[PDB]
Amino acid sequence: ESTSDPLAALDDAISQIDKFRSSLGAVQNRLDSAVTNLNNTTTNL
Amino acid sequence: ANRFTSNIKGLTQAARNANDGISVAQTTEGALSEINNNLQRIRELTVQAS
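Residues numbered from 1 in each chain as written, not as in the entry; some residues may be left out. Chains lettered and ligands numbered in written order. Part of a larger assembly, values for the part shown. Heavy atoms only, no water.

S.K.: Can you lay out the interface of chain B and chain A for me, pointing to particular residues and giving the numbers?
M.R.: Contact with chain B, which involves 7 residues of that partner, is made by 6 residues of chain A. For the chain B and chain A pair, buried surface summed over both sides reaches about 490 Å², with 39% attributable to carbon and sulfur atoms. The largest per-residue losses of area from chain B upon contact with chain A belong to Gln26, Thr27 and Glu34 of chain B, which jointly make up 68% of the total buried on that side. Here chain B and chain A share 0 salt bridges between them. There are 1 residue pair in polar contact connecting chain B and chain A. Tallied by class, residues from the side of chain B that touches chain A come to 1 nonpolar, 5 polar and 1 charged. (Contact = heavy atoms within 4.5 Å. Buried area = accessible area lost by both parts, 1.4 Å probe. Salt bridge = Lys/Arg side-chain N within 4 Å of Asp/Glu carboxyl O. Polar contact = N/O pair within 3.5 Å; in protein donor to acceptor, adjacent residues only side chain to side chain. Nonpolar A, V, L, I, M, F, W, Y, C, P; charged D, E, K, R; others polar.)

S.K.: Give a description of the environment of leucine 45 of chain A that names residues and reports values.
M.R.: All names here are of chain A. One can find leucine 45 in the segment after α1 (6-44). Assessed through its relative accessible area of 84%, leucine 45 is described here as exposed. Once the C-alpha coordinates of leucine 45 and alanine 13 are considered, the two residues, 32 residues apart in sequence, prove to be 48 Å apart. (Helix = DSSP H or I, 4+ residues; strand = E, 2+ residues; numbered from the N terminus. Buried < 20%, exposed > 50% of the residue type's maximum accessible area, 1.4 Å probe, protein only.)

S.K.: Run through the side chain of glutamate 34 of chain B, naming residues and quoting values.
M.R.: Its place among the elements puts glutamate 34 of chain B in helix α1 (residues 2-49). For the buried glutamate 34 of chain B, which has no salt bridge, the nearest side chain bearing the opposite charge is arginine 30 of chain A, at an N-O separation of 10 Å. Within the structure, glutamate 34 of chain B has its side chain in polar contact with the side chain of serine 33 of chain A (distance 3.2 Å). Contacts of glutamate 34 of chain B, omitting those with residues within four sequence positions, involve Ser33, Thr36 and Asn37 of chain A. (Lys, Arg positive; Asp, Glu negative; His and termini not counted.)

Here's what the structure looks like:
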């Protein structure tokens, strides 16, 4: 017996993958913000 | 002379305190601008999602 709804499962896997990638990108943006904040406050200190 | 030197030392210390306050203000401004960047990005993302 083959898979009942193959395209649905494939789309679900792709959704999980690109959701994880979007999470990684958002965290990268947050880290860039944090590092530039630290870099500019170090000079004031 | 003692009154004079007391006033002078006080003025010097006050100038130092003012410089310190300026540094504090600069740090707070940096933090506020960092928050402003994210606020603008949320603005653009909401415009995209509208």
